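A single chain comes next, written as structure tokens; it is the form deposited in one PDB entry.
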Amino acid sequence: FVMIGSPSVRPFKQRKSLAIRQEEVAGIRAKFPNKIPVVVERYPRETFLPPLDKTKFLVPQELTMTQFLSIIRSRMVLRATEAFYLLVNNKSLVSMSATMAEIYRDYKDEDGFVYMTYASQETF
């Protein structure tokens, strides 16, 4: 039974050259500066999951991924009997107990954006 595949509007690594977004990084860090910007892209390849209304979240210095995860599962649709992993950089399975500050220390990308993918299953 062929699972299907969905829009998956294009990766935001790719929707900017670095210099289209480098501004924004700086820009929003300036107005609410004591906050961490997250980019949350669906896994490109992912098929059972629905992708988000929006991609650039601001965050609190200190937020468990668990909470964060919830506030993401929260904007998805009728969905908590059914779990999905939330990976940093699509690569990195992390503590689910970790202040966002913590993650922003480790994995802040080239631009201040910490990128996350979320998938229903992945092999590496």
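Each form is matched to the other, and the largest set of C-alpha atoms that superpose within 1.5 Å is called the rigid core. Only residues modelled in both forms are compared. Note that residue numbering follows the sequence shown and begins at 1.
Undergrad: Quick check on the record: does 55 to 63 or 27 to 35 carry the larger mean Cα temperature factor?
TA: It is 27 to 35 that shows the higher mean C-alpha B-factor.
Undergrad: On average, which has the higher Cα B-factor in the deposited entry, 96 to 104 or 18 to 26?
TA: Per the deposited B-factors, the answer is 18 to 26.
Undergrad: Which of these has the highest Cα B-factor in the record: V77, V88, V40, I71?
TA: Top of the list by C-alpha B-factor: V77.
Undergrad: Quick one: classify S8 as lowest, middle or highest third of the chain based on its Cα B-factor.
TA: Highest third - that is where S8 ends up once the chain's C-alpha B-factors are sorted.
There is also a form deposited with a partner chain bound; it is not shown, and the following applies to it.
Undergrad: If contact means any heavy atom within 4.5 Å, which of 78 to 86, 30 to 38, 43 to 51, 91 to 99 contacts its partner chain in the entry with it bound?
TA: In short, 30 to 38.
Undergrad: Does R105 make contact with its partner chain in the entry with it bound, using a 4.5 Å heavy atom cut-off?
TA: No, no contact at 4.5 Å.
Undergrad: Contact with its partner chain in the entry with it bound for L69, defined as at least one heavy atom pair within 4.5 Å: yes or no?
TA: Close contact is absent here: in the entry with it bound, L69 is far from its partner chain, nothing within 4.5 Å, heavy atoms only.
Undergrad: Examine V59 and determine whether its closest non-hydrogen atom to its partner chain in the entry with it bound is within 4.5 angstroms.
TA: Because a heavy atom of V59 falls inside 4.5 Å of its partner chain in the entry with it bound, the answer is yes.
Undergrad: Can any non-hydrogen atom of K13 be found within 4.5 angstroms of its partner chain in the entry with it bound?
TA: Output for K13 is no: heavy atoms all beyond 4.5 Å of its partner chain.
Undergrad: Please name the one residue from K35, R79, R75, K56 with a C-alpha displacement of 2 Å or more between this form and the one not shown, using the rigid core for the superposition.
TA: Spelled out, the residue whose C-alpha shifts by 2 Å or more is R79.
Undergrad: Fit the two forms on the core and write out the ranges of at least 3 consecutive residues whose every CA moves by 2 Å or more between this form and the one not shown.
TA: The segment that shifts (3 or more residues, C-alpha shift of 2 Å or more) is 78 to 80 alone.
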